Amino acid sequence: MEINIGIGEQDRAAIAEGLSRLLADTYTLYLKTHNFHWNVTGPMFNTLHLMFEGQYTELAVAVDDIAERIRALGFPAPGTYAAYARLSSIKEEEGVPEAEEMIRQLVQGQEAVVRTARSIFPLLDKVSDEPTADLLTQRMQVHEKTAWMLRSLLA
């Protein structure tokens, strides 16, 4: 059945490509946060284990919402290790850093998602896709708040 939501095929494709980068960043941050939840040690273990648990639980919902916006636009949502490694701007950590370095990496991760979201608004200006713009705004709000709570631990 044809899709008639006021956005043309090539524009929906370009928006889906941007949201695919956002999905890949968000999913990579999800797994990194889950990883640090398991692997963090030292005197802040209790609070960081819990904090990273809240963060990855929220990111699991965000992954679903971003993916299903791609579906609403008429395209398949990427969902493999290869697709996400190709699209993600977040570099993974293959070892076990000190807790302060875990916090710093997760701050940079929040900012990377924000940076990807910001890269998409120019396209949305040209096209007028208010639902996707609101999604991006919600994600920016969450990552900017989380960035504050994480960097506050360092000071």
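The first residue of the sequence shown is number 1, and the count goes up from there.
Hey, which bit's got the bigger mean C-alpha B factor in the entry, 86-94 or 103-111? The recorded data point to 86-94.
Comparing 125-133 with 59-67, which has the greater mean CA B-factor as deposited? Per the PDB entry, the higher value belongs to 125-133.
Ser119, C-alpha B-factor rank within chain (lowest, middle or highest third): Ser119: CA B-factor falls in the highest third of its chain.
Is the Cα B-factor recorded for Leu150 in the lowest, middle or highest third of its chain? Tercile = lowest for this residue's CA B-factor.
If you rank every modelled residue in this chain by C-alpha B factor, which third holds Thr26: lowest, middle or highest? Within its chain, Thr26 is a middle-third residue by C-alpha B-factor, going by the deposited values.
CA B-factor placement of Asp11, once the chain's modelled residues are sorted into thirds: Highest third of the chain for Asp11's C-alpha B-factor.
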